[PDB]
Each structure stands twice: as structure tokens, then as C-alpha cells.
Amino acid sequence: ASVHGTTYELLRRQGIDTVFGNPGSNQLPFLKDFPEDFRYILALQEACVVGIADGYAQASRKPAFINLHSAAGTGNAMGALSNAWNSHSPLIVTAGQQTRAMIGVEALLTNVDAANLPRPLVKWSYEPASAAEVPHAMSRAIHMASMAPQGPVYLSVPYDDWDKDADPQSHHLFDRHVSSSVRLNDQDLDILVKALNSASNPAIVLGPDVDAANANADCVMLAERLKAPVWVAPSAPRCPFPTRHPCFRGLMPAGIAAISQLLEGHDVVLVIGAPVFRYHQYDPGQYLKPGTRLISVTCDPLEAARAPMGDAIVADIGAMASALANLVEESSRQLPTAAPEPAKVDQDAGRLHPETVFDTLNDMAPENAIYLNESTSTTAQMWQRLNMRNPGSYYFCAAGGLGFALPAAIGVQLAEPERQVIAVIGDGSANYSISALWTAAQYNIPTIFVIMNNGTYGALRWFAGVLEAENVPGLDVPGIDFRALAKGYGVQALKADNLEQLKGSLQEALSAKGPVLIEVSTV
Amino acid sequence: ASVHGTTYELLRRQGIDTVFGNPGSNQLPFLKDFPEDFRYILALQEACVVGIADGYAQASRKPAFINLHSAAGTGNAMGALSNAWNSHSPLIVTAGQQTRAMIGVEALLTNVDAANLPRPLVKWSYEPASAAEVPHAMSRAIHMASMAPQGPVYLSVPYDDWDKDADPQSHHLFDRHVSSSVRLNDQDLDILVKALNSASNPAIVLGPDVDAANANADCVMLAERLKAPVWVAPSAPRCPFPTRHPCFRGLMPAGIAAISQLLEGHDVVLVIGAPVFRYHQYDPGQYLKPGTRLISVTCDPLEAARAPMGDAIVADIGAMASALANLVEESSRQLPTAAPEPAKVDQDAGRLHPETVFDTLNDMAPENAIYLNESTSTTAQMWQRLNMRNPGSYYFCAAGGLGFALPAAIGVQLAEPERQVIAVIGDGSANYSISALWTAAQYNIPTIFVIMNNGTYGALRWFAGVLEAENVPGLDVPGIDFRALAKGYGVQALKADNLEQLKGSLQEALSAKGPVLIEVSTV
Amino acid sequence: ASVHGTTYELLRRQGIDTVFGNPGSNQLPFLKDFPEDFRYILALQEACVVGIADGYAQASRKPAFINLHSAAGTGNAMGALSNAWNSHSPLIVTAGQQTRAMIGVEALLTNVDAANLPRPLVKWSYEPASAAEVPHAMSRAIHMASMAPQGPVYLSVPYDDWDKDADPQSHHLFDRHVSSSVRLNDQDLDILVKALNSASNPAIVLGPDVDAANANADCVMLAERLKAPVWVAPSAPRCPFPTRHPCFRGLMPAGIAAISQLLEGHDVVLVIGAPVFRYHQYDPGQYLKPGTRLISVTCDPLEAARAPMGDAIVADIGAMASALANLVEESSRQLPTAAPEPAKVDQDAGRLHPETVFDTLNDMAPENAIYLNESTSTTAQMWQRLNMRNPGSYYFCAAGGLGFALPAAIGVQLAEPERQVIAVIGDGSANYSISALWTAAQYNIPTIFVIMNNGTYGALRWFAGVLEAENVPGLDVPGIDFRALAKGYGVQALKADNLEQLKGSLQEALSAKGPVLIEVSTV
Ligand SMILES: Cc1ncc(Cn2c(C)c(CCOP(=O)(O)OP(=O)(O)O)sc2=O)c(N)n1
Ligand SMILES: Cc1ncc(Cn2c(C)c(CCOP(=O)(O)OP(=O)(O)O)sc2=O)c(N)n1
Ligand SMILES: Cc1ncc(Cn2c(C)c(CCOP(=O)(O)OP(=O)(O)O)sc2=O)c(N)n1
Ligand SMILES: [Ca+2]
Ligand SMILES: [Ca+2]
Ligand SMILES: [Ca+2]
Ligand SMILES: [Ca+2]
Ligand SMILES: [Ca+2]
Ligand SMILES: [Ca+2]
Ligand SMILES: [Ca+2]
Ligand SMILES: [Ca+2]
Ligand SMILES: [Ca+2]
Ligand SMILES: [Mg+2]
Ligand SMILES: [Mg+2]
């Protein structure tokens, strides 16, 4: 067998059947004779390729396979890899390299020092020393991306390797099963359970790795048993809990002092599947108030090591959440009371308040909709206004890197064909990965894109104001016609200049048979 | 003085007056109080920021200054940095980092292991250990980008550094002059001159560093004195010679055997300002035929080290070209005869042959036009059909990385307001950095964009055919309306479905007062 | 031909005939059939291998070739590479890697991520992608080490590559000549010369790259013409000037304020072949006083970029020193007056003052002796007390890394068999690379080793005192018998407990036919 045939058999045997890619000459020997049981998803720029694959992997809860062109193509994707790193997304990034005979002279398209290019944004990065090693290296990449803590990996392959003979002993790779589905030993788990049972006023904080693990329902049981309020850890990449469950208390503010104040009076705070903590704004103060003990369960040694406070347990989130939820006592305390509905903001017949948009989406969208957020000034309101009952219902760029939601919404919709995806994207954010719209059109992936058009980088104008920073250039983005962009890439386009038009446009979009972009004029 | 004030004074004193950027919160303390004597050029995605800056630096023959957001923004620009590395472009890439107080906890927007992120695509990469070091680090960045061999550099700056007190001893940085304008010592230069004078059938090969140095006219004198044919080194990023001068022989094919065959019979081949050689296709054979000696003059030790044949001299291209041109004897041999004009391809009243497009551009464009090429299947024809008399007249992605020409054409036009820039970009290539069109519209930079629309990644379809590679996915890009994209970003748009319309559209574009996109239907 | 045969032919054709090594199984396919025209120099630990090679390269003014075992052997040498980096030593470090078939599984002796291991202490670091590339990679290594600024390079080679067939086109590598022997263009050089001629009170500062270039005599002519005092730049790795020439003013103190004070009143300071500056102690103040302009000539862009003051010219030191010395005018000013002899320190009949030792060495040693210094508390006195008339007469660990002088003195003595080498090494320093003594014994390289035994890390005890740092552990090294160590490795050993014995021992050592160690009891 050839390296080509052995590698595709390994991929198939390991559950991979889709290649997200943008092609190039160093990849042609890999992409030729493309197997009939595989699907190729083309995107027009590599940030878009990797964003689509990322949304696919996060929603599917399985690795996604990517194939890129050399250094330039890998490079174009590195902002996307920054997000994937922070979301623990299991991405297998392969890049075509020059033929081994031409690497030394640094022919055009040579990926120089290739394994160093994506660092520090990958778990493992490698170029094999020979063609026959390529299947083994691919095996390593699959497992490295897939073991807890999941994350992106990189493999560079010289184009002449594919046609070479494989090692027949590569067959041992095909059916390897590698597990990291582990939890704290029984003795220490009993100690933790007792501490949770003995707490007088526990709180729970959940992060994205809960949703990635589909540990959401177990965390609901845990919260119900402990009669504990539940917060989502700051800068949330995913939604780990039903947002109208009585225990839910919303998104934590991303500040040191704000979080210790919020946690004051809680004697034990159990954090599951989050860094401690993904702060953002400078908000100096105490990490915890006196009287609060924190215990973190994390899938990631790097998270456990850098927490500035608390104990930690490094384990699989699914396994730990299931064990805790089934072992804790049912507390006698009263169940927390649900948060009240948010206020309806006054809305005239002109430009839309973001609150209006989110209320309307919540009114009209299916109960199993999936939302993506890249409308950076409106996140707090979005989290208050969307009832998200189900797992997998929310994604936000985990490193704060714009250009994620537009392509990722396409990959999420590919992963979840029965669940309507609605991406709420600011006018600034929409440009970073605008060409991803074409993939939605070509493959008829029926994502709805809601462009929040306020003409500015609003979150940055806001922050300049908190700073009292004068004379800051580059904060306004006037003069973009998003309906024309949508037409450019073959996506149906609508405008919404007022609430009547927003409702009309959403109605049209929700019944459409293809992707739709709605440009919304916001305040 | 603050670090902010000292740093802007250093930039001004070192000739920097423009910041190419996409803003972000870790940059706000740098961008506030933006000096009135500086210009900010906003682009919507970082590949576009860096591409614009790259074209500006290459055309201006001076460093360009860039300011990006953290890891994600830097990451989005890394495909652009791959090209900048290969073109020796003097780019000072700065990226805003989190406040020093928040780096340890890896708050959102922390650039982790920041100095490693852009490697291996930068000459120097650094994060200062303290705020007061930032001006010195910025000095290092300026000089590292600017010394031969020029290239991109990276500096990460924590946002809290700018407001801190600077070292008063930083004033010594302001007026430093650093020269690498060096040439071979007289004894060894005399040996080289004698070898050139004694050659019976010399040839000259020129690369991009000749154009970067504005050594073009000196190379013309050299070629005239030696009565030698002149070739452009393969995979040419720039045009180093007048393309209708009698000595000019065109673009070398990017293959080992093709180049040795071309050079057969030439006893001495002098290569100036090129790698030896930027081959592309696999074309095995002899690096040189018996009877040919090669001598390379290069600004880059890495080029000299990796050449598989020939002697080398590592020196400044401007200084070496001027010395050689003034020292060699006038040979008695007959001057080479000019290449004949290329053939006119038969053209009906339907879709345009690329040859037609280039002939028409050559007919209608000003004699001092500047061309950019990202129409990958048509490069050989473009090089044959455009009379480029002047330096600075041609740019092509130096690493082969698509997404360069659209933004770079905007930066070149900003650098050369009196010279009409015409970017010839394939329909595939146009998408990589499509959002750069907005910067042309906003700043009214009157670049002309000619989109060669054949519906496919033609160069890859071609190569799959040479390979006899069947069943390759992802090679077609149907369904893109480039006039709608242009409208989306505020750029006037025209179509050309036949030759009559191409001429009409070019006439309109050439007299327009702003940027114009022409979608051309090509065969 | 095999890769083995082609590689040894390349080495021979490029002037390499000696391999400094410590063997291992991944190197056996390289070291077998060792050519009869090559010499192998074995040392017992890799710090010693690289130190010997370093002294050989620095004294010989040519690259030295090293062959080490995998990651562990490379690792053992990395302190030695820190010094080699700072001295610009042209070292070709090769390391044997596992067979390509075993790298993926990470068999014992695999050098994982090999090219990253020696970074950041090498100019270039690489592992070839195929066996046939190894000769080309070796060519790259030779030239990268040898081009200005010279320095160490690293090449990892899988053991199975050597027996494979080489590319016949590798013959083009054999006779490549690569020059970086360049100097400032004539126009700008004339500007510099005029500034030097117009100076009212010039000073000259010289660094190690002057001695490396054998530019010493040209600098003497320069100093004589300009009637200028001459200082050696701080932390001096080499001696660039005759130390009793009338212009010589000694070693600069390694402090910012001390150097600006020393330079006060000098209107133009010309620095040649040094960083600006290799300060050590924290001595804050002005980098230059008002009235002083600095101009640096450096072979290293990294030096030019980081200087905090002054103009710079990046060029070959030999070429620049020769041009300046022949172009400047003879000033009418009076030649500087020689420094007076230093004082004789009072010495009783007990333990030796270091000053006594250096005076006695100066009295008894040949006029063409070569000294090495790793007696860290006595450097200032050594520089005052040794008359070093000739180039190549002094070496000191260029990064401050102990373990250099003992092995380097063996490599210097191998390079300069007619010049008696005398290494003055503290009792602390002597241990770092003690096993290098064996190589001197085995090859009968007649280095003299003078161990300054004061029982302590004296320089650190001194510094703790300037700090008023109490309760510092680990500063004393009692209980080492250096005569027994010398016997252990087969080197003749003497003691000197007083001046009479020092003179007797030096007399014996100077007439010995092999290496000799003298343990001196110092105060
Ligand atoms: C890749 C990248 N570049 C730049 C930024 C900096 N940035 C920018 C540019 C923001 C404004 C986004 O504007 P928008 O129109 O999408 O949304 P709002 O108007 O609601 O802020 S928010 C933010 O952090 C970023 N996060 N990621
Ligand atoms: C960033 C990036 N991604 C992918 C490629 C691979 N690639 C691709 C995708 C090419 C086709 C460009 O198509 P085009 O429409 O611009 O021009 P032609 O139809 O004339 O080939 S040429 C080429 O090398 C690349 N060079 N750079
Ligand atoms: C490899 C290494 N380790 C530790 C040190 C630190 N160090 C040490 C350990 C010194 C004392 C050397 O003691 P010595 O006996 O050789 O000489 P003195 O007694 O004259 O200081 S000087 C110095 O910087 C070093 N420079 N290099
Ligand atoms: Ca409602
Ligand atoms: Ca699915
Ligand atoms: Ca906005
Ligand atoms: Ca014509
Ligand atoms: Ca200009
Ligand atoms: Ca095309
Ligand atoms: Ca004396
Ligand atoms: Ca010798
Ligand atoms: Ca001592
Ligand atoms: Mg990197
Ligand atoms: Mg290392």
C-alpha cells in the first residue's frame, strides 16, 4: 500500500470522513484519488477553513481534519488557531510541504522550519523524517488533538511522500483506542464530595469544557442536589447550562474584584471546566474574599497550574461531572429562585437597540437554535436575553480573536443540520472572515447571519471612553454594504432598518432553504 | 517624558510617520493622543494591514510600521509575513499585549509566549522586560528591519507600558544612523571585475533586491558594458530591469534543468540580488552545465549559504551594482539584440484570453504604471506582454502566498501617488484579502483592480493535469460576483465580458478619481 | 558516491581536517572509515569537546568541526555554546541522530525536535529531510558558521543517512567560495574619514572581533595616525592591541557611568569590533557625556541594533580596519604617552598575591606566550601586568561561562604549537571542565595550567560584600587537591605555596615536554 492509501484508511478507521481545506500544489498528491467516502469542504481563505472546521469540531464533539498550503496557508490560519487553542478544539491541521528533494534549496512553497510556524498555538507540531513515517505521525496527530485537554495539532508533509510505499506494520495504527476518560480516585473523590455536602452556601461556576463534554445535564443535577447558584465563567466560549433553569445566574464579569465580590459569602465555590479565571478588564482587588474556598476541576494542567487561588483536580470533565452529580447528597436547603426576565428596552420606529434584536431572536427562533456571538459590545445583553435550554447552543471566539463566528457558524450548521444556526456578528467583526459566506452558498449550509451594523468598533469606542483616551484613530468602519457582500458570495440578503423589517426579515430567513444574511441597522 | 512620547519621537526621528493598523484594546494606550503629524491607515483584517504596509515599504524603499492586536491579530497576518520574509520587506510589526499585571493568569487577550508566535518569519522578535526598555526595543526593531538583508521584525508591548516614565537616556536613540551600505574590498572586487572582463560569453541574472535597492539603472550600465543578456531570476517578486531593453531576456523558468540548459554556453553567470535559485516545479537535472561558472552577489547570508553552486559575495546590492557598473571594461562584443514582440493571440468577440488583457493594458496604461500580479496561471504571458521601463513597476507574492497583491496594490499606490497602479488578480486570489478594498475606498487611494475571472484555480487545474492527478476536489470557485464585492466595500465596479467592454472599462477606470474594480471574463 | 564519502570530500575541500568529538552509536556510521588525512581529537565530556574546538577556531581564525552524541551530548555542550555565541566563534556542531526508521517511536537516543535544542545559541540549526540532502546541509553549516558575524551552527544527522547514495550534483558544493569581506562604500567611508581627521580629541575602543580578524596591526597604525588613546571594550574576550604600546589604556570598566566618565572630553569615539557595550555591573548614569559622539564599526547586525547610542556601520572588521588605517591623515598632535608600569605589591614568604603571580608570569614567559583567563576576581590585575605584544595572546570566556579556559587552552595550544599557552584558572573555575586535562595528556599538547587556589568563589564573595548580602550559601570550595586531579588525568603536577616555589615550578613547566599543572596557593 502507498502512504496515501494507508493514511486515508487510518483517518477512516479513526472516524474522520471530512477534509476542510484550501488546496495548493504541495497538497495535490494528497488530494488526488480523493476517496469517495470522504467529503471535501472548500473555503476561500485559511482563516475561514479553520474557523469552519473549528465550529464543526466543537459542535460535533470530535476531531476535525484540515489541509492547508505550506507556510502561507498555515499563516493565514494562525488567528483562527489562537481561538482553537483557548477552546480546546480538537483540530488536526495538516499542511503540504515541498518535495524532499527541493527543501534544502528553499524552493518556492517550502515551509521553512515548519514545525515551529504554528507554535505556541498547538499541542504538538511535527514534520516526519521519512515518507513511511507519515501514517504514524498522522496517528500521533489524531490522538494528540483528541486526548484531554483537547486542542489543535500540526503536521507538515512533503508532497513526494504520499506515493511512496507504506510500512505494512502501519496496520497496527488503524484501530488504536486511546482514552483520557478519567476521574479522581475514590478516596480523594469522597473527600471532595464530603466538602461539597458540608458547604453551607456553595456556588458552582461552569466553563466551556462542560459543554464540550456534554456534561451540561450532569451539572444541572449537581446544582439541583447542592441547591447551588450557577454562574458561567467569564469570557465564555460556550454555554454550559440552561439559561432559564432556576439556579442559573448568568455570565460572570471578567474582573478580579467583580468576581470576588460576586462570590463573597459562598463558603465553597466549585469551578468545573473553566480556567480560573479568564479575566479581561483590569479590575484589581482580591482574588477571593475571606471565607471563600475555591475548588477547580479542569481538563488542562496549564489551567490548574496558573490559577492564582484554590485547589485543583486535573481530570476529564465528563467523567468528573457524572461522578459528582451521582454522589453528592440532596441538600435540604431551598432551590434557588430563577432570575427574572430582563427589561424591555424602549424602542421607537427607527434603528434597533441590540436588546430589541436579541428579544426578537428569542421570540422567533426555534427552541433548539444555536447562536454564535461576535457582536462584541452586546455580549452581556445577549446572555441575558436568549433562552438556551439545550447543550451546544452558544459559541464565542475563545481567544477574543475576530473572524471566528462567521465561518464557525457554517461548521456548526454542518454539524447540526436539524438545528437552526443564527450568528450575531458586528459590522466590524464580519469583515475578518467575510469570504466564508461563499462556502455556505456553495454547499447550501443554511446558516442565518445577523449583521449588527452600528458603523463602529463599538466595544473599542466604549473602552476608549472608560480610559478617557482622546484622539484614538481607526475606530469607525463606515461605508460597508453587507447585502452587496452577501450577493457577492451568493447568499440571499435582507435588510432590517426598524423592528417591523427585522421581524419580516427573520420570518423570511427562518423559512428559507439556504443561508441568509440580514443587515440590521443598530443604534 | 512617557514611554508613549519617547517612542513616537523615536519613530519620527527615524523617518516613520504612518501607522498601518487594525485597532484593539491592548493598543489603545499606544494609539491615544495619536500625534497630529502621523497618519493612521486602517484595514479591516490583519492580512490586509500587513499587505498594505508591505506594498508601501517595497515601493517607498523604507521601513513601514504596523500595529496589531495581540496573538489573534498577529496570527491573522502570518501568511502576509511569509511573503514579506521572502521579499526582504522592512516591516516593523508591533502587537499590543495585556497589562503586565494580567499576563501571568493568561487573561483574555494575552499573547502567550509572544516572541515565538511569528517565528520563523521574522529577523528578530521580542517582548521587553520593562516599560522603560520599550523605546530601546523599538530602536532595535527599526534597525533590525532596515539593515541588509531587510525583513520583518516583531515587538510585543504590554499596554500598561506606554504611560510609564521613560529613561531620559533614551534620547541617544533618536538620531542613530546605522549603515549596511557595504561592498567587497578593493582587492577582491578587482579580482571579480577581471573575471567579468575576461568572460567570453557572460550572462547576468537579476533578482528582487536589485529593484529594492534601485540598482536597476546601474545593472543596465553593467549589462551594456559587458554586452550581456539579462534574465530575471525565477519566481520573481519584483522587476529589476527594463523589459524592452535590448539585453532583456525575460523571466527564467523555475526549474533546475531548465535553468542550466538556459545558461549552457555562458562561461560566467553573474547573479545579483536573487537567491540561487527560487525554483518551484520539480525539474531534476544539473545545477549548471560543464563550462558555466556562477558568481552570486546577495544581500543575505542565508541565500549565500544555501546556493547549491557558485561563489558568493554577501554585500549591499546598491553599493555592489554601482561599483561593478563603473569598474568593468566596455566589451568589444556586439550588444545583444532585443527580443521580438510577442504574438497576438486570436481573439473572438467572447471571453478574453489573458494575452489579450495584458496586450490591452500595455496599450492603454501610462508608461509609468505599476503592475501587481496575483493571476497565477498567466505569469509567463504577463512578463512577455508588459513594457515596464521604470524601476518599481512589478510586484508578485514573494513566497507564493495569495492575498498579497490586492492589499499591496493599495500600499504601492499610497507610496506612488503619481504612478497608476494596476493589480491583475485571479478570481481565486481575490478572495484571500478581499476586505482590503475598503481601505482604498475610505482613503480614496485610486488603485485599479483587474479581476481575471475564469471560475477556477487554474494554475492548480493545470498542475493536476501535468500530474495526471484524477479526482482532485476543491479546484473550482464558481458563483462569485466581484462587482457586488466591490460595491460592498465602496469601490466603483465595472465588468468586461469581451474586448470592446475591456477597452471601455479601462478607459473609464484610467480617468476615474478613485479606486476601480473591473471584473474580466477570461477563458 | 555515498553521503559519507561526499561529505568528507566537502569538508576537506573547504579546509576542514580535524574532528573534535566524543563518540556515540548514532555517530558510528559517520566515524567509520575515518579518512587517513583527518585527525580526531577525543575529549571526555562535550563541554570539553566544544571548548577545545572553540580555542582551536579562535586561535586558527578558521572554522572548527565538532561531532557529538544526540540530545544529551549536545546538551552537555550548551554552556560552551553560550561562550562561542558571544565570541563569534565559527563552530560547526554536528550531532548524531537515530535512524530515520526509529525517530517516530522516539527510540532511545532520538534527539527530539533536534533543531530547537541549541537555540538561541546558534546562527542556524537544522536537520535534513533526506539523506541525499546531508552534503548540502553540511555546506550551509560551513558557510553559515564562516560568514560575518561568525558563530556556531548546528546540524543533526540520522545515522542511516551516511551509507546512502549521494546526489552526484553535490560536486558543485566542494569548491564554493563565499565572501563577506566587505567595507563601507567609498562616499560614506570618505565622510567617516573626514570626521576622524576633524576630531580634536579622538579615542578608539577595540573589541574581540579585531583580534579575530587579525586587524590588530592596522588598528595600531590607525591609533598612531590619529594620535588617539586606545581602550579595550569591557568584558574582553580577546586582546586586540599591544598592551605596552604608548596609546594603550587598558580594559574599560564594565559599567555605564564609568565608561561615559572615561570618554568625557573625547569628541569622537571610534569603536571597532565590539558590542556597544558589554557592561556587567549595574552602574547607572549617562551612556555618553555631552560632547561625545560615538561611531561603531561592528561585524554583527545584532550589535549595531542594540547599541543604546551612536552611529554604526556593519561590515567586516579586517576590511574596515585596513581601509581606515590607510586613509586617515597623520595628525599633528603629540602621540599619547605610555601607561606606567603597575606597582609591585608587597609579598612575604607565604601565600601568593595574584599580582605576584602575574608579574612572575610576565617575567618568565616567552614574549609570544598566549594567556587564558578564568580567574574571575583577578582580571583587572592580569590586564595590567601582562605585556602581550602579539595578536592572539589572550582569551576569556566571552559569555562569562566558566568551563571555557581549561579546554580552550588545549585547543589554542593545538592551533599554535610554537607559542606557549598559559591558562590562569581559579580553583572554582577549574572544576567545570576538569576532564579536558586528559586530552592534553593523551595528545601531548603542552599547555601550562596555573590554578589560582584561594579556596573560594572570590568574585562572588566580593560581590556579596558590595551588596552587603548576608547569609549567602555556597561560596566556598575547600578540599580540592589539584595535583591529584592532574595525576588522575595523566598531567604532570607541581605546587607553589610561596614565590620561591612559583619560580621553581614555572621554570620546570616552561621546559617540560608535555602539559603541566601548577597549583598555586593564593591569598
Ligand atoms: C483579530 C482581531 N483583531 C482586532 C481585535 C480588536 N477588537 C475589535 C476590532 C473589536 C470591535 C468589533 O466591532 P464589531 O462592530 O464587530 O462589534 P461592536 O460594534 O459591538 O464592538 S472588539 C476587539 O477586541 C480582535 N479582537 N481580533
Ligand atoms: C495562501 C495560499 N493558499 C493557497 C495557495 C495555493 N494556490 C492556489 C489556490 C492557486 C490558484 C489561484 O487561482 P487564481 O484564480 O487566482 O488564478 P489562476 O486561475 O490564474 O490560477 S495558485 C496557488 O499556489 C497559495 N499559493 N496561497
Ligand atoms: C557556568 C557558570 N556557572 C557559574 C558562574 C558564576 N560565577 C562563579 C561561580 C564565579 C567564581 C569563580 O571562582 P574562581 O575560584 O574560578 O575565581 P575567583 O576566586 O578569582 O573568583 S565568577 C562567576 O560568574 C559562571 N560564571 N559560569
Ligand atoms: Ca419575549
Ligand atoms: Ca452531526
Ligand atoms: Ca460595530
Ligand atoms: Ca500593442
Ligand atoms: Ca512616496
Ligand atoms: Ca482563476
Ligand atoms: Ca617585571
Ligand atoms: Ca596552526
Ligand atoms: Ca577562587
Ligand atoms: Mg511561531
Ligand atoms: Mg533550545
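Quick note: numbers below take in every heavy atom, side chains included, and nothing from hydrogens, waters or symmetry partners. Here is how names work: the chains are called A, B, and so on, in the same order as the sequence lines, proteins then strands, and each is numbered from 1.
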If you define the side chain from C-beta out and look only at heavy atoms, does anything of [X] sit under 4.5 Å from [Y]?
{"X": "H136(C)", "Y": "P308(B)", "result": "yes"}
{"X": "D186(C)", "Y": "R183(B)", "result": "yes"}
{"X": "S179(C)", "Y": "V314(B)", "result": "no"}

(message) Using only non-hydrogen atoms and a strict under-4.5 angstrom cutoff, which residues of residues 143-152 of chain B touch chain C?
(response)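 Checking residues 143-152 of chain B against chain C gives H143(B), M144(B), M147(B).
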Any donor-acceptor pair under 3.5 Å linking the side chain of [X] with the backbone of [Y]?
{"X": "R176(C)", "Y": "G310(B)", "value": "yes"}
{"X": "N185(C)", "Y": "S181(B)", "value": "yes"}
{"X": "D311(C)", "Y": "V178(B)", "value": "no"}

(request) Against chain C, work out which of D167(B), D188(B), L288(B), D175(B) has the most heavy-atom pairs shorter than 4.5 Å and name it. (result)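 Of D167(B), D188(B), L288(B), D175(B), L288(B) has the most heavy-atom pairs under 4.5 Å with chain C.
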(request) Flag the one option from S322(B), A319(B), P301(B) with the top tally of heavy-atom pairs under 4.5 Å to chain C. (result)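 Highest number of pairs under 4.5 Å: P301(B).
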Atom group of [X] that falls short of 4.5 Å from chain B, counting heavy atoms:
{"X": "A307(C)", "value": "both"}
{"X": "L189(C)", "value": "neither"}
{"X": "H177(C)", "value": "both"}
{"X": "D316(C)", "value": "neither"}

(message) For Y287(C) versus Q169(B), what's the shortest heavy-atom pair and its separation?
(response)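 Scanning both residues, the minimum pair turns out to be N-OE1, 2.9 Å.
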(message) Between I256(B) and chain C, with a heavy-atom cut-off of 4.5 Å, which part of the residue counts as in contact: side chain, backbone, both or neither?
(response) neither
(message) So, taking the atom named CZ in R306(C) and the one named OH in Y126(B), what distance separates them when rounded to the nearest 0.5 Å?
(response)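 Going from CZ on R306(C) over to OH on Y126(B), the span is 11.0 Å.
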